[PDB]
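Asker: Okay, handing you the structure first.
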Amino acid sequence: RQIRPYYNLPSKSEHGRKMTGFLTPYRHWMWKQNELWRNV
Amino acid sequence: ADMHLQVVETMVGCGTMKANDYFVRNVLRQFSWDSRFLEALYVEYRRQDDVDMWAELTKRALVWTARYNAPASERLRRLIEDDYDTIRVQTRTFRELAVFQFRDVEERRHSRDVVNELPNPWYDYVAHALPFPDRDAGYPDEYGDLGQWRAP
Amino acid sequence: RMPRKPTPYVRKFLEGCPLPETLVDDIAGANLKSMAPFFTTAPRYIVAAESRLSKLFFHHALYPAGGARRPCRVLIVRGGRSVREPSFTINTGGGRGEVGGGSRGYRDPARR
Amino acid sequence: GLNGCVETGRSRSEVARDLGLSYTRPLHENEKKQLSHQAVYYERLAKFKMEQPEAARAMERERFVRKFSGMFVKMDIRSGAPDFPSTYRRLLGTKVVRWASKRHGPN
Amino acid sequence: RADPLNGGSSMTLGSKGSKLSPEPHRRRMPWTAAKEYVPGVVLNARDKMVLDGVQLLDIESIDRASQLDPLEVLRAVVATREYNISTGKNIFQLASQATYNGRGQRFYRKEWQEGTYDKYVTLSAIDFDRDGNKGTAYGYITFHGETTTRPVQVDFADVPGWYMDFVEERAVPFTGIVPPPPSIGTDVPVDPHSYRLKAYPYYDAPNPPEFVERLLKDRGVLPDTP
Amino acid sequence: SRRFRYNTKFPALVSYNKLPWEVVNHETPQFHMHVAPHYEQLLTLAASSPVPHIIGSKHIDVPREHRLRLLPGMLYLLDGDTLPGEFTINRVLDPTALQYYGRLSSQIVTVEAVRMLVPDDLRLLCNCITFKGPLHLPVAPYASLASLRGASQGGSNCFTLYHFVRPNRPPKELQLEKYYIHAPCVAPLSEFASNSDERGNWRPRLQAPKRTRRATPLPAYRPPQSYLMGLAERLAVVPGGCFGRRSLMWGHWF
Amino acid sequence: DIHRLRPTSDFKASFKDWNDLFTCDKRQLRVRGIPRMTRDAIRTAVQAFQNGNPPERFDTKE
Amino acid sequence: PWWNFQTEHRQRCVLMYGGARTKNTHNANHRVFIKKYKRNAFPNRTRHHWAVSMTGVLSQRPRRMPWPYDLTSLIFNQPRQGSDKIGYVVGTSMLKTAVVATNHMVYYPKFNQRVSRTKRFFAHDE
Amino acid sequence: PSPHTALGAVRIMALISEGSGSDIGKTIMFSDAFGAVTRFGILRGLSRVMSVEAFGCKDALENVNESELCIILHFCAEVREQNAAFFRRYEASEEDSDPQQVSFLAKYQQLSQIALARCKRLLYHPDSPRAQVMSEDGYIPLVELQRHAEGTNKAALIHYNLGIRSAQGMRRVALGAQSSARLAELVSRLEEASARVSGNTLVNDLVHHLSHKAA
RNA sequence: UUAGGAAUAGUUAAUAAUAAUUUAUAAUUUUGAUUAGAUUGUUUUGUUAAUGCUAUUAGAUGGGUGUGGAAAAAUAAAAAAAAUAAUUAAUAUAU
Ligand SMILES: [Mg+2]
């Protein structure tokens with residue numbers, strides 16, 4: 001399941017979900033680290 | 001492409017510093033060129049005056065491997081590997097190095113280990129892969145018995 | 001199918017009356033299908049259920065389907081009060097994000 | 001030409017066809033009428049298509065409208081079955097009133 | 001497939017990736033092709049807190065009794081412009097205020113120039129519709145020096161957040177055709193002093209020390225304490 | 001019976017010639033998107049190798065009955081802007097339709113006018129493009145464009161391409177696949193040949209120079225500050241949304 | 001506290017301190033009077049924090 | 001010990017469904033027949049149902065089963081049952097279709113005897 | 001009148017042959033025994049039968065079945081056989097000043113070439129998607145279903161699995177026995193008497209197709 | 001399969017026939033059909049000396065949507081469902 005942290009981009013919309021899937025570059029970097037540790 | 005490859009290798013070996021222009025004008029956009037074109041052209045890139053021209057030409061050759069769907073061979077990446085102290089062009093991905101270190105350290109400590117050098121029959125081989133067993137276990141019976149009305 | 005024990009008698013087929021969903025929708029105010037003419041001034045009592053009353057249903061409670069012009073009714077909602085905590089942003093952690101915004105309504109009731 | 005080929009799997013008729021032999025029983029008048037009247041209706045339908053286009057076009061149009069707008073035009077296991085009242089016989093009483101019986105042949 | 005992540009590797013369903021191929025996974029849905037997308041929820045929703053205390057008017061309502069004072073009309077136009085600009089700048093809002101509809105200029109998204117990402121679009125043609133904030137834009141895409149051969153449709157050209165720097169030397173009139181900008185490897189010779197590659201294949205950016213500190217504090221390696 | 005000859009697998013399908021979403025209209029800029037890269041490679045071929053019937057002295061005179069049968073799919077170049085008779089001249093003035101000749105006009109001969117010729121029966125188009133010489137590409141003396149006055153000289157420089165297509169067809173029809181022969185250009189090798197006087201003025205570099213200084217280091221990598229879409233290595237996005245392989249990720253923010 | 005049916009923040013008084021929270025297994029959470037989904041959420045959050053993943057997820061209530 | 005085929009069938013049922021069979025399926029239930037119609041006024045023209053009729057294709061009494069040992073298995077080596085058959089032509093009223101009557105054997109183990117039944121097929125002759 | 005489709009010209013060319021069984025010689029003879037044109041009314045009629053609006057396109061015979069192609073080739077063979085002294089004089093090395101005769105000769109050459117091309121289409125590509133026919137002004141309901149629906153995404157075509165299969169009558173066409181045995185006669189009738197029918201590479205292919213499909 | 005046994009049909013084959021304007025001395029059935037009744041089947045159950053008698057709960061579902069590869073789609077304690085959520089153990093549910 002794709003994790004939605006609290007510090008993602010919030011979608012201020014009353015017609016749908018309140019949080020998007022747009023990350024932070026720190027989240028991108030740590031996801032790359034976890035990707036390498038799974039790649040082994 | 002193999003006809004243009006000999007021309008590119010001749011212009012590299014003669015040291016005329018014009019094989020890259022021939023590769024751009026004739027072989028780059030209109031041929032399915034493989035990776036040994038850049039294995040020839042890296043020696044021509046090496047003979048440049050300044051190191052930054054060598055670096056930018058190697059990086060542009062890597063972008064040419066990305067764009068025209070011609071992946072870099074092992075020999076080209078090993079040619080760029082040997083000059084990493086001068087050019088500092090990274091030629092392996094972030095995934096292959098993390099696999100390589102964790103594999104190489106484990107294989108070195110496994111070869112140095114004296115306990116785990118013993119064979120493992122669960123791991124080393126498959127004992128039998130045929131759909132039928134190799135010797136008769138007695139079954140089937142092919143006859144009925146008491147209380148069995150359905151035969152065959 | 002389901003495993004059913006065989007009986008030598010007849011089988012009872014019940015059509016038993018459940019709690020009507022339209023009844024709890026009219027009580028909770030979340031019907032959105034009742035066309036009611038003859039707008040009156042008598043007040044309306046609505047028992048607030050769990051996650052059954054929002055702005056969408058309260059707008060139809062103010063303006064019903066009959067073509068009203070003004071919310072001319074007093075609306076009593078039993079147990080509809082909400083309590084909000086103050087929200088704040090987290091400076092620490094992996095990034096910047098605002099938490100704390102939550103409603104204490106419908107779960108923490110008054111007068112235990 | 002009385003024995004089929006076991007190797008190639010040909011029939012009794014195809015082996016005699018490949019040998020240039022004719023094994024055909026003496027037909028009656030109706031059996032010759034069955035084999036002689038196949039071309040007559042084709043020449044009649046081709047002459048109708050060439051001679052009356054304003055009627056053949058309307059007939060083909062209403063035939064395509066009846067074919068296209070049908071309910072069971074999707075190729076499925078039910079539409080692909082050879083015998084629908086025999087394979088699906090539990091629908092012939094309470095659901096489908098097209099076929100009144102479930103047996104029409106030796107199967 | 002054409003392009004799988006890490007080849008065939010199926011110890012987990014996350015090892016394949018969030019999408020199995022850059023092509024669409026079914027033929028009947030061509031909109032499921034993998035492409036770079038844009039956060040349209042934050043961008044397309046402009047701030048309505050600038051239109052408060054401002055009387056807007058409908059288009060059809062041209063009756064005399066619904067007309068407003070011309071000072072109120074002017075502040076309504078100023079508030080509507082501030083509402084349209086409040087999130088970002090569109091392509092059609094930047095090209096209207098440029099000469100020759102901005103043909104030949106370089107448009108770019110905000111995140112197209114940060115990190116090791118380098119990509120812009122040299123504008124070639126724009127068809128404005130009657131609502132001039134929308135339309136269809138075309139251009140040559142330039143990514144790390146390499147350039148397309150034909151003009152491609154600029155995806156998300158209607159979503160705001162675009163930027164350009166107007167250069168008079170790049171302006172192409174309506175009589176002539178916008179030329180493709182040259183590929184730095186192919187067309188013009190490669191010069192390290194003019195353009196230097198930020199990124200290349202088999203290259204990854206080094207780890208920032210603040211990200212290293214943040215990950216080692218989140219994992220518990222460094223002693224994070226209040 | 002008739003039902004049991006074959007199965008229903010792979011039935012007869014409606015062709016793309018009768019579907020409007022598969023047929024490219026010539027009043028649209030999408031007509032000039034498909035056919036303009038075919039022209040910029042044909043002029044690269046005709047400037048480097050002799051193409052037999054690519055340049056004539058006049059328009060090919062087929063009879064009026066054989067006009068629709070033989071002419072679509074045929075291309076030839078003539079000198080000057082002379083248009084065939086029994087056609088209605090429609091000049092392409094749309095900048096959305098003229099933008100696809102950008103590589104054709106910049107790196108090769110400058111495009112002056114693009115005209116679409118529609119006949120009286122509205123069944124045989126002609127895409128007329130008038131170029132102004134000279135070529136930016138080097139032209140071989142044995143090439144086909146050496147026999148053209150507008151291409152060799154540097155009114156008299158104008159020459160026109162003529163391509164006949166059918167009006168409402170899929171873009172399979174307006175293809176030029178027989179002209180994709182890749183003939184080489186001997187312009188970098190003409191310096192060192194026996195026909196040039198520069199053959200003794202170049203100096204060969206048999207060894208690389210000794211490098212005392214290493215390469216210039218890159219500037220300090222600054223990470224982005226905006227919200228990113230996610231990991232492009234698992235969203236199946238190519239390395240910039242443009243080209244490359246997803247398995248070899250590069251050129252993104254990290 | 002993310003789920004509606006996992007009221008994690010309603011059991012602050014069921015623990016002494018940080019060590020009492022991080023030493024209790026699921027049987028001791030059953031002893032203290034915590035429902036099944038809530039104690040499963042508490043135990044998975046503790047096991048994720050021990051593995052290096054802090055509880056940084058979006059509250060999906062509204 | 002040599003286990004019978006029922007052990008192998010029970011093993012197959014265990015590996016398929018997780019368990020062999022739920023117990024208490026007999027129950028010794030008194031199945032009573034309650035008639036509704038009049039004495040000789042059953043709504044059928046041939047078979048008048050007045051008792052508990054058993055339902056089952058191969059699990060009824062007296063028990064039948066196919067007998068695979070006949071002339072066809074002695075003559076033809078078949079890839080599957082019913083692939084090759086030998087019969088007599090009885091009808092040629094249809095075009096390119098010969099009606100062929102063939103015989104097969106059905107075994108009664110209670111009386112220990114095989115009987116010859118007849119099946120008609122439509123064959124093709126061009 | 002001048003037909004606008006190939007099918008109307010096929011019907012007219014069939015009515016010409018069937019309306020004059022033994023009078024097929026006197027119907028279409030417009031020339032003498034020396035090559036000079038006798039009656040120009042028959043010439044003007046036969047020129048406007050094979051009109052440019054009917055047989056001008058390269059795919060003009062795309063909806064012609066195996067039975068209509070026999071009518072086309074029988075009409076061409078009868079026109080060649082009744083006026084052989086005209087054709088063998090004028091088509092080889094003769095230039096004529098009459099503007100009607102050059103138009104008739106061009107129309108006849110175009111009709112014979114597209115008829116032989118359709119014969120090679122039905123022979124060398126049996127049941128191919130490029131050998132499929134359809135009805136003229138045929139109802140293709142997928143287009144009318146896409147037009148009278150609202151497409152928010154035009155790539156999503158409604159009733160695609162049924163609309164792509166169904167059009168007004170559309171068959172996979174291959175040459176039968178009665179078609180191939182007639183076309184092998186008509187293609188040999190299209191040539192001259194001095195030509196060798198052994199080296200014709202289309203009659204031999206039709207005969208070998210007949211033998212292969214009969215075996 | 002029916003304690004009191006007779007007729008059946010969107011019908012059979014051929015076919016240059018998708019989408020049958022034609023041809024035929026057509027097809028099923030007393031070796032038991034169609035309809036009506038009972039009705040998931042199944043060496044898994046029980047009993048016995050018993051090739052006998054007696055039981056059964058795997059399933060499927062031509063008009064709800066031509067979507068989808070496949071309608072099986074109006075509701076099932078897991079079959080963990082695209083970042084290692086958790087994988088020490090037992091309750092795993094009431095809560
Ligand atoms: Mg007949």
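Each chain of the structure tokens is named A, B, ... in the order shown, its residues numbered from 1; ligands are numbered from 1 in display order.
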Taking only C-alpha atoms (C1' of nucleotides) and all ligand atoms into account, which residues are within 9 Å of ligand 1, as an MDAnalysis selection string?
Answerer: (chainID D and resid 33:41) or (chainID J and resid 14:15 22:24)
Asker: Give me, as a ChimeraX atom specification, all polymer residues having an atom no more than 6 Å from residue E:125, counting only C-alpha atoms (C1' of nucleotides) and skipping those fewer than 4 positions away in the same chain.
Answerer: /E:137-138 /F:96
Asker: Give me the residues of chain F that have any atom at most 7 Å from an atom of chain I; for each, the nearest atom pair and the distance in Å, rounded to one decimal. Use only C-alpha atoms, sort by chain and number, and format it as a tab-separated table.
Answerer:
```
residue	atom	partner	partner_atom	distance
F:11	CA	I:165	CA	6.8
F:12	CA	I:165	CA	6.1
F:13	CA	I:165	CA	4.8
F:14	CA	I:164	CA	5.5
F:19	CA	I:143	CA	6.9
F:65	CA	I:52	CA	6.0
F:66	CA	I:110	CA	6.7
F:68	CA	I:57	CA	5.5
F:69	CA	I:58	CA	4.9
```
Asker: Need the shell around residue C:76: protein/DNA/RNA residues with any atom at most 8 Å away, counting only C-alpha atoms (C1' of nucleotides). Skip same-chain ones fewer than 6 positions apart. Format as a list in words?
Answerer: residues 43, 44, 45 and 46 of chain C
Asker: Could you list the residues in chain B lying within 12 Å of chain E, using only C-alpha atoms, and format the result as number ranges by chain?
Answerer: B: 18, 20-29, 45, 50-69, 71-72, 77, 80-81, 88-97, 99
Asker: Rounded to one decimal place, report the atom CA of residue C:63-atom CA of residue C:25 distance in Å.
Answerer: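 Straight-line distance from atom CA of residue C:63 to atom CA of residue C:25 works out to 16.5 Å.
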Asker: DSSP says alpha helix (DSSP H) for which residues of stretch 1-68 of chain I? Put them as a tab-separated table (two decimals) with C-alpha atoms, in the first residue's frame?
Answerer:
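Output below, filename part.tsv:
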```tsv
chain	number	residue	atom	x	y	z
I	6	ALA	CA	-19.21	0.74	-60.01
I	7	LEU	CA	-22.25	-1.35	-59.02
I	8	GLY	CA	-24.65	0.57	-61.27
I	9	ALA	CA	-22.23	0.13	-64.17
I	10	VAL	CA	-22.07	-3.60	-63.36
I	11	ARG	CA	-25.89	-3.76	-63.49
I	12	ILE	CA	-25.92	-1.89	-66.82
I	13	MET	CA	-23.20	-4.14	-68.28
I	14	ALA	CA	-25.18	-7.18	-67.12
I	15	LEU	CA	-28.41	-5.89	-68.68
I	16	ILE	CA	-26.53	-5.26	-71.94
I	17	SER	CA	-25.40	-8.90	-72.06
I	18	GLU	CA	-28.70	-10.44	-70.91
I	19	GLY	CA	-30.92	-8.20	-73.06
I	24	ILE	CA	-24.67	-9.38	-78.56
I	25	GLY	CA	-22.79	-9.04	-81.85
I	26	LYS	CA	-24.98	-6.26	-83.23
I	27	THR	CA	-25.30	-4.45	-79.89
I	28	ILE	CA	-21.67	-3.49	-79.24
I	40	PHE	CA	-20.39	6.70	-82.92
I	41	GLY	CA	-23.61	6.37	-80.90
I	42	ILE	CA	-22.54	2.97	-79.57
I	43	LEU	CA	-19.08	4.44	-78.94
I	44	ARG	CA	-20.52	7.32	-76.90
I	45	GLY	CA	-22.74	4.90	-74.99
I	46	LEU	CA	-19.93	2.46	-74.19
I	47	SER	CA	-17.62	5.31	-73.18
I	48	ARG	CA	-20.13	6.72	-70.69
I	49	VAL	CA	-20.87	3.25	-69.33
I	52	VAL	CA	-14.55	8.08	-64.57
I	53	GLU	CA	-16.84	8.57	-61.56
I	54	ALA	CA	-17.31	4.77	-61.43
I	55	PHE	CA	-13.96	3.24	-62.47
I	66	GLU	CA	-16.73	-12.89	-57.48
I	67	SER	CA	-19.92	-12.93	-59.57
I	68	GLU	CA	-19.84	-9.25	-60.60
```
Asker: Name the residues in contact with stretch 70-81 of chain J at a cut-off of 10 Å, using only C-alpha atoms (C1' of nucleotides), excluding same-chain residues fewer than 4 positions from it; report them as JSON, numbers by chain.
Answerer: {"A": [1], "E": [13], "J": [61, 64, 65, 92, 93]}
Asker: I need the residue nearest chain J from this list: A:18, A:32, A:7, A:2. Use only C-alpha atoms (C1' of nucleotides) for the distance.
Answerer: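 Looking only at the distances to chain J, the closest residue turns out to be A:2.
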Asker: Compile a residue-level contact table for chain C against chain A at a cut-off of 9 Å, reporting for every qualifying residue the shortest atom pair and its distance in Å to one decimal, with only C-alpha atoms counted, rows ordered by chain and ascending number, as JSON lines.
Answerer:
```
{"residue": "C:90", "atom": "CA", "partner": "A:7", "partner_atom": "CA", "distance": 8.8}
{"residue": "C:93", "atom": "CA", "partner": "A:7", "partner_atom": "CA", "distance": 8.7}
{"residue": "C:94", "atom": "CA", "partner": "A:26", "partner_atom": "CA", "distance": 7.2}
{"residue": "C:95", "atom": "CA", "partner": "A:7", "partner_atom": "CA", "distance": 5.2}
{"residue": "C:96", "atom": "CA", "partner": "A:7", "partner_atom": "CA", "distance": 5.2}
{"residue": "C:97", "atom": "CA", "partner": "A:7", "partner_atom": "CA", "distance": 4.3}
{"residue": "C:98", "atom": "CA", "partner": "A:6", "partner_atom": "CA", "distance": 7.3}
{"residue": "C:99", "atom": "CA", "partner": "A:6", "partner_atom": "CA", "distance": 7.6}
```
Asker: May I have the residues from that selection written out with N, CA, C and O atoms, as a compact mmCIF listing (two decimals), in the first residue's frame?
Answerer:
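Printed below is out-v6.txt as written:
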```txt
# COMPACT_ATOMS: atom_id res chain seq x y z
N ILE C 90 3.64 20.95 12.13
CA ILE C 90 4.76 20.27 12.76
C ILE C 90 6.04 20.75 12.08
O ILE C 90 6.22 20.54 10.87
N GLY C 93 10.19 16.41 12.12
CA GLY C 93 9.76 15.33 11.27
C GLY C 93 10.35 15.43 9.88
O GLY C 93 11.24 16.24 9.59
N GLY C 94 9.82 14.59 8.99
CA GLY C 94 10.32 14.53 7.62
C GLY C 94 9.96 15.74 6.78
O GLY C 94 10.61 15.97 5.75
N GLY C 95 8.96 16.50 7.18
CA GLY C 95 8.58 17.68 6.42
C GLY C 95 7.60 18.52 7.20
O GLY C 95 7.38 18.32 8.39
N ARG C 96 7.01 19.49 6.50
CA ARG C 96 6.04 20.40 7.08
C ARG C 96 4.63 19.92 6.78
O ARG C 96 4.28 19.69 5.61
N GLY C 97 3.83 19.76 7.82
CA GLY C 97 2.46 19.31 7.66
C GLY C 97 1.62 19.73 8.85
O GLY C 97 2.11 19.79 9.98
N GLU C 98 0.35 20.02 8.59
CA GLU C 98 -0.55 20.55 9.60
C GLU C 98 -1.46 19.43 10.09
O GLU C 98 -2.14 18.78 9.29
N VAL C 99 -1.48 19.22 11.41
CA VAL C 99 -2.31 18.22 12.06
C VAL C 99 -3.11 18.91 13.17
O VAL C 99 -3.03 20.12 13.35
```
Asker: Using only C-alpha atoms, which chain H residues lie at most 9 Å away from chain D, written as a ChimeraX atom specification?
Answerer: /H:93,95,119-122,125-126
Asker: Restrict the distance test to only C-alpha atoms, flag each residue of chain G within 9 Å of chain C, and return the flagged residues as a PyMOL selection string.
Answerer: chain G and resi 54+56+58-59+61-62
Asker: Store the residues picked out above in a file with N, CA, C and O atoms, as an mmCIF file, in the first residue's frame.
Answerer:
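Output saved as again_15.cif:
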```
data_model
loop_
_atom_site.group_PDB
_atom_site.id
_atom_site.type_symbol
_atom_site.label_atom_id
_atom_site.label_comp_id
_atom_site.auth_asym_id
_atom_site.auth_seq_id
_atom_site.Cartn_x
_atom_site.Cartn_y
_atom_site.Cartn_z
ATOM 1 N N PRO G 54 8.618 6.020 11.727
ATOM 2 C CA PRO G 54 7.790 6.750 12.693
ATOM 3 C C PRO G 54 6.351 6.833 12.218
ATOM 4 O O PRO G 54 6.080 6.689 11.017
ATOM 5 N N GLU G 56 4.092 8.554 10.740
ATOM 6 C CA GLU G 56 3.812 9.726 9.914
ATOM 7 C C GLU G 56 2.900 9.288 8.772
ATOM 8 O O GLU G 56 3.359 8.954 7.678
ATOM 9 N N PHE G 58 -1.273 10.118 7.036
ATOM 10 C CA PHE G 58 -2.346 11.096 6.966
ATOM 11 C C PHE G 58 -3.596 10.564 7.654
ATOM 12 O O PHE G 58 -3.977 9.406 7.462
ATOM 13 N N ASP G 59 -4.231 11.415 8.457
ATOM 14 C CA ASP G 59 -5.461 11.057 9.156
ATOM 15 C C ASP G 59 -6.614 11.008 8.162
ATOM 16 O O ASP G 59 -7.016 12.039 7.614
ATOM 17 N N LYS G 61 -9.824 10.474 8.531
ATOM 18 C CA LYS G 61 -11.147 10.531 9.143
ATOM 19 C C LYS G 61 -12.111 11.386 8.327
ATOM 20 O O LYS G 61 -13.205 10.931 7.983
ATOM 21 N N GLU G 62 -11.719 12.624 8.005
ATOM 22 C CA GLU G 62 -12.637 13.554 7.350
ATOM 23 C C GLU G 62 -12.889 13.179 5.894
ATOM 24 O O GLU G 62 -13.996 13.386 5.386
#
```
Asker: Could you list the residues in chain B lying within 12 Å of chain H, using only C-alpha atoms, and format the result as a list in words?
Answerer: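 Taking only C-alpha atoms into account, residues 137, 138, 139, 140, 141, 142, 143, 144, 145, 146, 147, 148, 149, 150, 151 and 152 of chain B sit within 12 Å of chain H.
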Asker: Counting only C-alpha atoms (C1' of nucleotides), what is within 8 Å of residue F:41, bar same-chain residues fewer than 4 positions away, as a CSV table (one decimal) with C-alpha atoms, in the first residue's frame?
Answerer:
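For reference, selection.csv as written:
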```csv
chain,number,residue,atom,x,y,z
F,37,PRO,CA,9.3,14.5,-42.0
F,45,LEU,CA,18.5,11.5,-50.1
F,179,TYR,CA,12.9,7.0,-50.1
F,180,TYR,CA,14.5,5.9,-46.8
```
Asker: Mind listing as a list in words which residues of chain E are within 7 Å of chain A, counting only C-alpha atoms?
Answerer: residues 41, 42, 211 and 215 of chain E
Asker: Under the rule of at most 10 Å, produce a per-residue listing of chain D near chain F: chain, number, name, the closest pair of atoms, and the distance in Å, as a Markdown table, using only C-alpha atoms.
Answerer:
```
| residue | atom | partner | partner_atom | distance |
| --- | --- | --- | --- | --- |
| D:75 | CA | F:8 | CA | 7.1 |
| D:76 | CA | F:8 | CA | 9.5 |
| D:80 | CA | F:8 | CA | 8.2 |
| D:82 | CA | F:4 | CA | 8.5 |
```
Asker: Among chain H, which ones does DSSP place in strand (DSSP E or B), written as a VMD selection string?
Answerer: chain H and resid 65 to 67 88 to 94 97 to 108 113 to 123
Asker: Do you know which residues are at most 10 Å from residue G:9 counting only C-alpha atoms (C1' of nucleotides), after dropping those on the same chain fewer than 4 positions away, and could you put them as a PDB file with N, CA and C atoms, in the first residue's frame?
Answerer:
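Listed below is the output, out-v6.pdb:
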```
ATOM      1  N   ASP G   1      -3.372   7.753  15.704  1.00  0.00           N
ATOM      2  CA  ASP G   1      -4.827   7.834  15.593  1.00  0.00           C
ATOM      3  C   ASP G   1      -5.172   8.297  14.183  1.00  0.00           C
ATOM      4  N   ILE G   2      -5.490   7.339  13.314  1.00  0.00           N
ATOM      5  CA  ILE G   2      -5.781   7.589  11.908  1.00  0.00           C
ATOM      6  C   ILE G   2      -7.188   7.133  11.547  1.00  0.00           C
ATOM      7  N   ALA G  13      -4.337   6.911  29.033  1.00  0.00           N
ATOM      8  CA  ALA G  13      -4.270   6.568  30.447  1.00  0.00           C
ATOM      9  C   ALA G  13      -4.014   5.088  30.691  1.00  0.00           C
ATOM     10  N   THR G  38      -7.921  -1.678  17.896  1.00  0.00           N
ATOM     11  CA  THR G  38      -7.106  -0.637  18.513  1.00  0.00           C
ATOM     12  C   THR G  38      -5.775  -1.188  19.009  1.00  0.00           C
ATOM     13  N   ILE G  42      -2.024  -0.263  17.720  1.00  0.00           N
ATOM     14  CA  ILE G  42      -0.978   0.150  18.658  1.00  0.00           C
ATOM     15  C   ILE G  42       0.259  -0.731  18.512  1.00  0.00           C
TER      16      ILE G  42
END
```
Asker: Based on only C-alpha atoms (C1' of nucleotides), which of the residues in chain J come within 12 Å of chain I? I want them as a PDB file with N, CA, C and O atoms (P, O5', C5', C4', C3', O3' and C1' of nucleotides), in the first residue's frame.
Answerer:
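Contents of result_33.pdb, as written:
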```pdb
ATOM      1  P     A J  16     -21.402 -24.604 -50.549  1.00  0.00           P
ATOM      2  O5'   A J  16     -21.002 -23.089 -50.831  1.00  0.00           O
ATOM      3  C5'   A J  16     -20.926 -22.595 -52.162  1.00  0.00           C
ATOM      4  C4'   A J  16     -20.950 -21.087 -52.203  1.00  0.00           C
ATOM      5  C3'   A J  16     -22.246 -20.449 -51.713  1.00  0.00           C
ATOM      6  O3'   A J  16     -21.958 -19.177 -51.136  1.00  0.00           O
ATOM      7  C1'   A J  16     -21.906 -19.894 -53.982  1.00  0.00           C
ATOM      8  P     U J  18     -25.116 -16.212 -45.086  1.00  0.00           P
ATOM      9  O5'   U J  18     -25.102 -16.273 -43.497  1.00  0.00           O
ATOM     10  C5'   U J  18     -24.170 -17.093 -42.810  1.00  0.00           C
ATOM     11  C4'   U J  18     -23.171 -16.265 -42.049  1.00  0.00           C
ATOM     12  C3'   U J  18     -23.751 -15.294 -41.034  1.00  0.00           C
ATOM     13  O3'   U J  18     -24.058 -15.925 -39.805  1.00  0.00           O
ATOM     14  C1'   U J  18     -22.089 -14.208 -42.345  1.00  0.00           C
ATOM     15  P     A J  19     -25.325 -15.460 -38.932  1.00  0.00           P
ATOM     16  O5'   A J  19     -26.392 -14.961 -40.003  1.00  0.00           O
ATOM     17  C5'   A J  19     -27.745 -14.728 -39.624  1.00  0.00           C
ATOM     18  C4'   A J  19     -28.510 -13.904 -40.637  1.00  0.00           C
ATOM     19  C3'   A J  19     -28.447 -14.385 -42.085  1.00  0.00           C
ATOM     20  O3'   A J  19     -29.707 -14.150 -42.712  1.00  0.00           O
ATOM     21  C1'   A J  19     -27.655 -12.161 -41.950  1.00  0.00           C
ATOM     22  P     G J  66     -23.684  -0.565 -20.607  1.00  0.00           P
ATOM     23  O5'   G J  66     -22.590  -0.785 -21.732  1.00  0.00           O
ATOM     24  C5'   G J  66     -22.860  -1.612 -22.851  1.00  0.00           C
ATOM     25  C4'   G J  66     -21.607  -2.284 -23.342  1.00  0.00           C
ATOM     26  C3'   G J  66     -21.348  -2.150 -24.836  1.00  0.00           C
ATOM     27  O3'   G J  66     -19.942  -2.075 -25.059  1.00  0.00           O
ATOM     28  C1'   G J  66     -21.580  -4.437 -24.272  1.00  0.00           C
ATOM     29  P     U J  67     -19.197  -0.655 -24.957  1.00  0.00           P
ATOM     30  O5'   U J  67     -18.641  -0.609 -23.468  1.00  0.00           O
ATOM     31  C5'   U J  67     -17.367  -1.148 -23.156  1.00  0.00           C
ATOM     32  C4'   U J  67     -17.115  -1.153 -21.671  1.00  0.00           C
ATOM     33  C3'   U J  67     -15.952  -2.006 -21.195  1.00  0.00           C
ATOM     34  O3'   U J  67     -14.715  -1.324 -21.300  1.00  0.00           O
ATOM     35  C1'   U J  67     -17.853  -2.365 -19.812  1.00  0.00           C
ATOM     36  P     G J  68     -13.614  -1.772 -22.377  1.00  0.00           P
ATOM     37  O5'   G J  68     -12.915  -3.038 -21.716  1.00  0.00           O
ATOM     38  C5'   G J  68     -12.287  -2.948 -20.449  1.00  0.00           C
ATOM     39  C4'   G J  68     -12.375  -4.252 -19.700  1.00  0.00           C
ATOM     40  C3'   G J  68     -11.950  -5.493 -20.466  1.00  0.00           C
ATOM     41  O3'   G J  68     -10.546  -5.660 -20.546  1.00  0.00           O
ATOM     42  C1'   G J  68     -13.995  -5.917 -19.380  1.00  0.00           C
TER      43        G J  68
END
```
